[PDB]
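Step one of this worksheet: look at the structure below.
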Amino acid sequence: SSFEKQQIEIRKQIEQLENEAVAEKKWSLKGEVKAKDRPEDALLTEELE
Amino acid sequence: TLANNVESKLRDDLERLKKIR
(Lines give C-alpha, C1' and ligand atoms only; values in the text may rest on other atoms or scores of the structure.)
Protein backbone atom coordinates (compact mmCIF):
# COMPACT_ATOMS: atom_id res chain seq x y z
CA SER A 1 0.00 0.00 0.00
CA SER A 2 0.99 3.63 -0.44
CA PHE A 3 0.74 4.07 3.33
CA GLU A 4 3.15 1.15 3.71
CA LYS A 5 5.61 2.81 1.32
CA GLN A 6 5.39 5.97 3.40
CA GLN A 7 6.14 3.81 6.43
CA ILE A 8 9.34 2.42 4.89
CA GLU A 9 10.46 5.94 3.94
CA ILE A 10 9.72 7.19 7.46
CA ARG A 11 11.50 4.26 9.11
CA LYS A 12 14.58 4.88 6.98
CA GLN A 13 14.52 8.51 8.10
CA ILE A 14 14.07 7.51 11.77
CA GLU A 15 17.07 5.20 11.54
CA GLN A 16 19.11 8.04 10.05
CA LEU A 17 18.01 10.52 12.72
CA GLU A 18 18.61 8.05 15.56
CA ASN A 19 22.13 7.44 14.26
CA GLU A 20 22.72 11.19 13.98
CA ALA A 21 21.47 11.78 17.53
CA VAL A 22 23.80 9.09 18.87
CA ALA A 23 26.76 10.34 16.83
CA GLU A 24 29.26 12.65 18.51
CA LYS A 25 28.56 16.26 17.64
CA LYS A 26 30.53 18.19 15.05
CA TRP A 27 33.39 20.35 16.30
CA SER A 28 31.37 23.54 15.81
CA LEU A 29 28.77 22.26 18.30
CA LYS A 30 31.29 21.31 21.02
CA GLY A 31 31.43 24.79 22.55
CA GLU A 32 35.13 25.33 23.17
CA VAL A 33 37.27 24.17 20.25
CA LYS A 34 41.04 24.38 19.90
CA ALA A 35 43.02 24.17 16.67
CA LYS A 36 43.98 20.56 17.35
CA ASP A 37 40.43 19.27 17.85
CA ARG A 38 39.05 20.63 14.58
CA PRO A 39 40.43 20.04 11.07
CA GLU A 40 43.21 22.38 10.05
CA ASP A 41 41.79 25.47 8.33
CA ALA A 42 38.25 24.29 9.11
CA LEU A 43 37.29 27.91 9.81
CA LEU A 44 38.40 28.89 6.31
CA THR A 45 35.38 27.25 4.65
CA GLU A 46 32.90 28.14 7.38
CA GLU A 47 31.22 31.51 7.89
CA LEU A 48 31.61 32.68 11.50
CA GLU A 49 30.68 35.98 13.13
CA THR B 1 52.46 14.00 -1.18
CA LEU B 2 51.96 16.35 1.76
CA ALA B 3 52.73 19.36 -0.44
CA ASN B 4 50.08 18.26 -2.94
CA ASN B 5 47.52 17.90 -0.14
CA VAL B 6 48.38 21.40 1.09
CA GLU B 7 47.97 22.68 -2.47
CA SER B 8 44.55 21.01 -2.71
CA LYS B 9 43.48 22.57 0.59
CA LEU B 10 44.62 25.94 -0.75
CA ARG B 11 42.53 25.40 -3.89
CA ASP B 12 39.48 24.57 -1.77
CA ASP B 13 40.07 27.72 0.28
CA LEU B 14 40.42 29.77 -2.91
CA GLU B 15 37.25 28.45 -4.55
CA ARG B 16 35.18 28.91 -1.39
CA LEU B 17 36.46 32.47 -1.00
CA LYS B 18 35.63 33.06 -4.67
CA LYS B 19 32.09 31.81 -4.02
CA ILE B 20 31.80 34.30 -1.15
CA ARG B 21 32.69 37.20 -3.46
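Convention: chains lettered A, B, ... in C-alpha coordinates order; per-chain residue numbering from 1; ligands numbered from 1 as shown.
Here is the contact set of chain B against chain A, at 12 Å and counting only C-alpha atoms: residues 5, 6, 9, 10, 11, 12, 13, 14, 15, 16, 17, 18, 19 and 20 of chain B.
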Residues from the last selection, N, CA, C and O atoms, saved as a short mmCIF file (atom, residue, chain, number, x, y, z; two decimals), in the first residue's frame:
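Result saved to again.cif:
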data_model
loop_
_atom_site.label_atom_id
_atom_site.label_comp_id
_atom_site.auth_asym_id
_atom_site.auth_seq_id
_atom_site.Cartn_x
_atom_site.Cartn_y
_atom_site.Cartn_z
N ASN B 5 48.71 17.76 -0.98
CA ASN B 5 47.52 17.90 -0.14
C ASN B 5 47.35 19.35 0.32
O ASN B 5 46.23 19.87 0.34
N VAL B 6 48.45 20.00 0.70
CA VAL B 6 48.38 21.40 1.09
C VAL B 6 47.91 22.26 -0.08
O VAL B 6 47.11 23.18 0.08
N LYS B 9 44.18 21.80 -0.43
CA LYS B 9 43.48 22.57 0.59
C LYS B 9 43.47 24.05 0.24
O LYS B 9 42.47 24.75 0.45
N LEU B 10 44.58 24.55 -0.31
CA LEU B 10 44.62 25.94 -0.75
C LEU B 10 43.62 26.19 -1.87
O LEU B 10 42.97 27.23 -1.91
N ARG B 11 43.50 25.24 -2.80
CA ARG B 11 42.53 25.40 -3.89
C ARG B 11 41.10 25.42 -3.36
O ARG B 11 40.26 26.19 -3.83
N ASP B 12 40.81 24.55 -2.39
CA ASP B 12 39.48 24.57 -1.77
C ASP B 12 39.21 25.90 -1.08
O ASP B 12 38.12 26.47 -1.21
N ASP B 13 40.20 26.40 -0.34
CA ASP B 13 40.07 27.72 0.28
C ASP B 13 39.79 28.78 -0.78
O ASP B 13 38.91 29.63 -0.60
N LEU B 14 40.55 28.75 -1.88
CA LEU B 14 40.42 29.77 -2.91
C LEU B 14 39.04 29.73 -3.56
O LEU B 14 38.42 30.77 -3.77
N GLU B 15 38.55 28.53 -3.88
CA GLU B 15 37.25 28.45 -4.55
C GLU B 15 36.12 28.84 -3.61
O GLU B 15 35.16 29.51 -4.03
N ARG B 16 36.21 28.46 -2.33
CA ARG B 16 35.18 28.91 -1.39
C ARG B 16 35.19 30.43 -1.25
O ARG B 16 34.13 31.07 -1.27
N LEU B 17 36.38 31.02 -1.12
CA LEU B 17 36.46 32.47 -1.00
C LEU B 17 35.95 33.16 -2.26
O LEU B 17 35.34 34.23 -2.20
N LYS B 18 36.19 32.55 -3.42
CA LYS B 18 35.63 33.06 -4.67
C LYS B 18 34.10 33.01 -4.63
O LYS B 18 33.43 33.96 -5.05
N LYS B 19 33.54 31.92 -4.12
CA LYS B 19 32.09 31.81 -4.02
C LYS B 19 31.53 32.87 -3.08
O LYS B 19 30.41 33.35 -3.29
N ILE B 20 32.27 33.23 -2.04
CA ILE B 20 31.80 34.30 -1.15
C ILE B 20 31.68 35.61 -1.91
O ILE B 20 30.67 36.32 -1.80
#
Using the chain letters and numbers from this document, which residues of chain A does DSSP assign to alpha helix (DSSP H), as a PDB file with N, CA, C and O atoms, in the first residue's frame?
ATOM      1  N   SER A   2       0.273   2.363  -0.448  1.00  0.00           N
ATOM      2  CA  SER A   2       0.988   3.633  -0.439  1.00  0.00           C
ATOM      3  C   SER A   2       1.355   4.034   0.983  1.00  0.00           C
ATOM      4  O   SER A   2       2.458   4.539   1.234  1.00  0.00           O
ATOM      5  N   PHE A   3       0.436   3.818   1.929  1.00  0.00           N
ATOM      6  CA  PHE A   3       0.744   4.069   3.331  1.00  0.00           C
ATOM      7  C   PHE A   3       1.941   3.244   3.779  1.00  0.00           C
ATOM      8  O   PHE A   3       2.810   3.736   4.507  1.00  0.00           O
ATOM      9  N   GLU A   4       2.007   1.983   3.351  1.00  0.00           N
ATOM     10  CA  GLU A   4       3.149   1.154   3.714  1.00  0.00           C
ATOM     11  C   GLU A   4       4.443   1.729   3.152  1.00  0.00           C
ATOM     12  O   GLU A   4       5.462   1.767   3.850  1.00  0.00           O
ATOM     13  N   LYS A   5       4.420   2.196   1.900  1.00  0.00           N
ATOM     14  CA  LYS A   5       5.610   2.810   1.318  1.00  0.00           C
ATOM     15  C   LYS A   5       6.042   4.025   2.130  1.00  0.00           C
ATOM     16  O   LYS A   5       7.236   4.217   2.407  1.00  0.00           O
ATOM     17  N   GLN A   6       5.078   4.867   2.508  1.00  0.00           N
ATOM     18  CA  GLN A   6       5.387   5.975   3.401  1.00  0.00           C
ATOM     19  C   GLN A   6       6.031   5.471   4.682  1.00  0.00           C
ATOM     20  O   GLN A   6       6.948   6.103   5.212  1.00  0.00           O
ATOM     21  N   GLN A   7       5.565   4.334   5.198  1.00  0.00           N
ATOM     22  CA  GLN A   7       6.141   3.813   6.433  1.00  0.00           C
ATOM     23  C   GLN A   7       7.597   3.392   6.245  1.00  0.00           C
ATOM     24  O   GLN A   7       8.429   3.642   7.120  1.00  0.00           O
ATOM     25  N   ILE A   8       7.931   2.744   5.124  1.00  0.00           N
ATOM     26  CA  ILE A   8       9.344   2.418   4.886  1.00  0.00           C
ATOM     27  C   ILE A   8      10.182   3.690   4.769  1.00  0.00           C
ATOM     28  O   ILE A   8      11.286   3.774   5.328  1.00  0.00           O
ATOM     29  N   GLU A   9       9.690   4.694   4.037  1.00  0.00           N
ATOM     30  CA  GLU A   9      10.457   5.938   3.936  1.00  0.00           C
ATOM     31  C   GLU A   9      10.673   6.557   5.316  1.00  0.00           C
ATOM     32  O   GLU A   9      11.795   6.953   5.671  1.00  0.00           O
ATOM     33  N   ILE A  10       9.613   6.611   6.123  1.00  0.00           N
ATOM     34  CA  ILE A  10       9.724   7.188   7.455  1.00  0.00           C
ATOM     35  C   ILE A  10      10.693   6.387   8.308  1.00  0.00           C
ATOM     36  O   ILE A  10      11.509   6.963   9.025  1.00  0.00           O
ATOM     37  N   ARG A  11      10.622   5.056   8.257  1.00  0.00           N
ATOM     38  CA  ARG A  11      11.497   4.256   9.109  1.00  0.00           C
ATOM     39  C   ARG A  11      12.953   4.438   8.714  1.00  0.00           C
ATOM     40  O   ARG A  11      13.839   4.478   9.578  1.00  0.00           O
ATOM     41  N   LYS A  12      13.226   4.550   7.414  1.00  0.00           N
ATOM     42  CA  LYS A  12      14.580   4.878   6.983  1.00  0.00           C
ATOM     43  C   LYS A  12      15.022   6.200   7.599  1.00  0.00           C
ATOM     44  O   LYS A  12      16.140   6.320   8.123  1.00  0.00           O
ATOM     45  N   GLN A  13      14.140   7.203   7.570  1.00  0.00           N
ATOM     46  CA  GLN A  13      14.521   8.509   8.103  1.00  0.00           C
ATOM     47  C   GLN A  13      14.712   8.465   9.617  1.00  0.00           C
ATOM     48  O   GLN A  13      15.585   9.152  10.157  1.00  0.00           O
ATOM     49  N   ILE A  14      13.901   7.669  10.320  1.00  0.00           N
ATOM     50  CA  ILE A  14      14.067   7.507  11.766  1.00  0.00           C
ATOM     51  C   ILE A  14      15.390   6.832  12.083  1.00  0.00           C
ATOM     52  O   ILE A  14      16.070   7.205  13.042  1.00  0.00           O
ATOM     53  N   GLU A  15      15.767   5.815  11.313  1.00  0.00           N
ATOM     54  CA  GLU A  15      17.070   5.202  11.538  1.00  0.00           C
ATOM     55  C   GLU A  15      18.183   6.221  11.344  1.00  0.00           C
ATOM     56  O   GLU A  15      19.106   6.315  12.165  1.00  0.00           O
ATOM     57  N   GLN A  16      18.092   7.022  10.278  1.00  0.00           N
ATOM     58  CA  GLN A  16      19.109   8.041  10.045  1.00  0.00           C
ATOM     59  C   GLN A  16      19.173   9.033  11.201  1.00  0.00           C
ATOM     60  O   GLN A  16      20.264   9.377  11.675  1.00  0.00           O
ATOM     61  N   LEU A  17      18.017   9.501  11.675  1.00  0.00           N
ATOM     62  CA  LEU A  17      18.006  10.518  12.724  1.00  0.00           C
ATOM     63  C   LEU A  17      18.452   9.946  14.063  1.00  0.00           C
ATOM     64  O   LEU A  17      19.115  10.638  14.843  1.00  0.00           O
ATOM     65  N   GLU A  18      18.105   8.693  14.356  1.00  0.00           N
ATOM     66  CA  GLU A  18      18.615   8.053  15.563  1.00  0.00           C
ATOM     67  C   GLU A  18      20.133   7.959  15.520  1.00  0.00           C
ATOM     68  O   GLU A  18      20.820   8.287  16.497  1.00  0.00           O
ATOM     69  N   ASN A  19      20.680   7.527  14.380  1.00  0.00           N
ATOM     70  CA  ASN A  19      22.129   7.443  14.258  1.00  0.00           C
ATOM     71  C   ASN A  19      22.771   8.812  14.428  1.00  0.00           C
ATOM     72  O   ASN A  19      23.806   8.942  15.089  1.00  0.00           O
ATOM     73  N   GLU A  20      22.168   9.848  13.840  1.00  0.00           N
ATOM     74  CA  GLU A  20      22.717  11.193  13.976  1.00  0.00           C
ATOM     75  C   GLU A  20      22.670  11.668  15.423  1.00  0.00           C
ATOM     76  O   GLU A  20      23.616  12.298  15.908  1.00  0.00           O
ATOM     77  N   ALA A  21      21.573  11.382  16.128  1.00  0.00           N
ATOM     78  CA  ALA A  21      21.471  11.778  17.527  1.00  0.00           C
ATOM     79  C   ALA A  21      22.531  11.087  18.372  1.00  0.00           C
ATOM     80  O   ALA A  21      23.135  11.708  19.254  1.00  0.00           O
ATOM     81  N   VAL A  22      22.770   9.799  18.121  1.00  0.00           N
ATOM     82  CA  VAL A  22      23.802   9.093  18.873  1.00  0.00           C
ATOM     83  C   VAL A  22      25.190   9.624  18.534  1.00  0.00           C
ATOM     84  O   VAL A  22      26.065   9.690  19.405  1.00  0.00           O
ATOM     85  N   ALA A  42      39.686  24.526   9.179  1.00  0.00           N
ATOM     86  CA  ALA A  42      38.248  24.287   9.110  1.00  0.00           C
ATOM     87  C   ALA A  42      37.476  25.599   9.067  1.00  0.00           C
ATOM     88  O   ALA A  42      36.460  25.706   8.373  1.00  0.00           O
ATOM     89  N   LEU A  43      37.954  26.613   9.794  1.00  0.00           N
ATOM     90  CA  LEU A  43      37.285  27.910   9.808  1.00  0.00           C
ATOM     91  C   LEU A  43      37.378  28.628   8.471  1.00  0.00           C
ATOM     92  O   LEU A  43      36.638  29.590   8.236  1.00  0.00           O
ATOM     93  N   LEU A  44      38.289  28.208   7.589  1.00  0.00           N
ATOM     94  CA  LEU A  44      38.399  28.892   6.306  1.00  0.00           C
ATOM     95  C   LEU A  44      37.125  28.720   5.484  1.00  0.00           C
ATOM     96  O   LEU A  44      36.579  29.697   4.953  1.00  0.00           O
ATOM     97  N   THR A  45      36.636  27.484   5.362  1.00  0.00           N
ATOM     98  CA  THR A  45      35.382  27.254   4.652  1.00  0.00           C
ATOM     99  C   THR A  45      34.215  27.937   5.350  1.00  0.00           C
ATOM    100  O   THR A  45      33.410  28.619   4.709  1.00  0.00           O
TER     101      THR A  45
END
(request) Give me, please, the distance in Å between CA of residue 48 (chain A) and CA of residue 27 (chain A), quoted to one decimal. (result)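 Distance between the two atoms: 13.4 Å.
Counting from CA of residue 49 (chain A), the distance to CA of residue 36 (chain A) is 20.8 Å.
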